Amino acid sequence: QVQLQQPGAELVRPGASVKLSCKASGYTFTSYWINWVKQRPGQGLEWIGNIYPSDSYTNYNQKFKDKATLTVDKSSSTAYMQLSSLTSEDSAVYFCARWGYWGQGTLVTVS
């Protein structure tokens, strides 16, 4: 039913920025908070922050606040997240999620 489509992978150059997309479909885009989660093979899951589509209100992890920016595009029902000054430590799988539904994730590889 609900679907949070994320592109499979992203190859990025060290020190640059990356824009990750998350297209929601099958439910009212504005009534549910969208969270962004980071996953690196070695460690657990890490919450980056969230955004409420209706008014773009955001909460960020103190660890990721200036490093990431969260926005939405209510007309296309897409949520975006941008990371800058990328380094090897940012290579991981990033997932966008809402209650009960996680996207497939996007593998960001800095090389």
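Note that residue numbering follows the sequence shown and begins at 1.
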{"property": "Selected stretch [higher average CA B-factor]: 38-46 or 64-72", "result": "38-46"}
{"property": "Residue stretch of maximal mean CA temperature factor, 19-27 vs 89-97", "result": "19-27"}
{"property": "CA B-factor placement of residue 107, once the chain's modelled residues are sorted into thirds", "result": "middle"}
{"property": "Chain third (lowest, middle, highest) by recorded CA B-factor, residue given as residue 84", "result": "highest"}
{"property": "Cα B factor band for residue 59 (lowest, middle or highest third within the chain)", "result": "lowest"}
